[PDB]
Number of protein chains: 2
Amino acid sequence: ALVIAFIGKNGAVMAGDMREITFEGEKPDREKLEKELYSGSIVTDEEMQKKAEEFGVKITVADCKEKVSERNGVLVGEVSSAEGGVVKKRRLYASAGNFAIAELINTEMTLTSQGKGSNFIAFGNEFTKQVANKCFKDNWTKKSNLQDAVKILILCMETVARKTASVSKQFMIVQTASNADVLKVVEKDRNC
Amino acid sequence: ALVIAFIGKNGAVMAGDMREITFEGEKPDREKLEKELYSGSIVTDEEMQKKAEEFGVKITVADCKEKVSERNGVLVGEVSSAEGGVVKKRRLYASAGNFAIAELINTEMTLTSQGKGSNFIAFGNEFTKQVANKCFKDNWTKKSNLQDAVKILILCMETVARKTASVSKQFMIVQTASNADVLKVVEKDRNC
């Protein structure tokens, strides 16, 4: 689906949809259907289920996976793009000026990026990630601090609330005052 | 593994170990090994791994699954006794005087018990559940309110901290003042 964060001197903003989707049926079919939703081709949920009995899939939903959490002045988000055997997670930590992104298999944690400074990020299905990328330039100028960007995230969250079905229509957003050096959280998660 | 709660007029106490265990290898073997740990036959973790290369299993661990949580004056605990395809959860809600236990498959939530009044409960592997049952009578008299029982849980938590390896040596305990009518939490989880 999608979740997004922004990092700067003032603060950090992380917004995430709460939708998780369960796929049951011919696994070759599942990757045949999965294509179409990821590619972004439908939005209405009635136009979602339509196709499903065309291909053979039963698809339980609940728009309340808590895709971001606020552990201690750092905001954590995470996409469970599971696909089959077990677990395929993919998580971020952010604060004011500090930021990193990690890829999880099951228990195992693998990093992919870090550092300090200023950034805008998202994770998703290919399409959802693209639509956030549209909107962030849309409404973003360096002539903002946090405060505008916080609204930006909502429009973008609406924008793909609007134009898609892989993303829970309810969504949750959290903020930090703190330049917490997010680096530690990852080591604690690894000992865990 | 194990987690335990006590319910009375004053309050509720829920204590849970944080250990989750990952099983990799010949699935027929896994149920062959799983027997022995559940039955309770080992405690030291070096005497844990020993047997594993005897049978062919790689077993990643982390003693920090958050087996209980405090959502709003009600304490929730949950054993993920997964065994294979997907998810086999099993959860409780408790407060001061009110209590219920639900069985989860994946998304789906099934109840098994409810009501109001006074109780002592646990979930686990067969052995761990038994050892808590020992200890609760050990140190329990109706001539207690909460306050003793809160310590009881620790000894029992130590007692199977002690005498077993399926249970994380670190553990977490939470308490409520409130006779919150735990009933609505199950319905909220179902809409979710």
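Residues numbered from 1 in each chain as written, not as in the entry; some residues may be left out. Chains lettered and ligands numbered in written order. Heavy atoms only, no water.

What the entry reports as its method is X-ray crystallography, with 3.40 Å given for the resolution.

Visitor: I'd love a proper account of the sheet that holds strand β7 (residues 90-94) of chain A, names of residues and values included.
Guide: All names here are of chain A. Here five strands make up an open sheet; going across it, the order is β5-β6-β7-β8-β9 and the pairing antiparallel. Because the sheet does not close on itself, it has two edges, and the strands there are β5 (68-71) and β9 (108-113). For this sheet the average axis-to-axis angle between neighbouring strands, irrespective of direction, equals 25°. With five bridges joining them, strand β8 (residues 99-105) and β9 adopt antiparallel strand pairing. Residue pairing for β9: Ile105 is matched across the bridge by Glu108. (Pairing = 2+ DSSP bridges. Helix = DSSP H or I, 4+ residues; strand = E, 2+ residues; numbered from the N terminus. Axes fitted to C-alpha atoms, helices over the stretch in contact; angles between N-to-C directions.)

Visitor: Tell me about the packing of helix α3 (residues 126-139) of chain B against helix α4 (residues 146-162) of chain B, and please be specific about residues and values.
Guide: All names here are of chain B. Put simply, α3 and α4 touch, their axes get as near as 9 Å, and they point 140° apart. Classified by the angle their axes make, α3 and α4 are oblique. The two elements α3 and α4 cross, and the hand of that crossing is right-handed. Residues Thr128, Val131, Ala132, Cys135, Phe136 and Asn139 of α3 form the contact with α4, whose own contacting residues are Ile152, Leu153, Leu155, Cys156, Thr159 and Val160. In the contact of α3 with α4, the residues fall into nine nonpolar, three polar and no charged. (Parallel < 35°, antiparallel > 145°, perpendicular 65-115°, else oblique. Left-handed = near helix turned anticlockwise from the far one by under 90°. Contact = heavy atoms within 4.5 Å. Nonpolar A, V, L, I, M, F, W, Y, C, P; charged D, E, K, R; others polar.)

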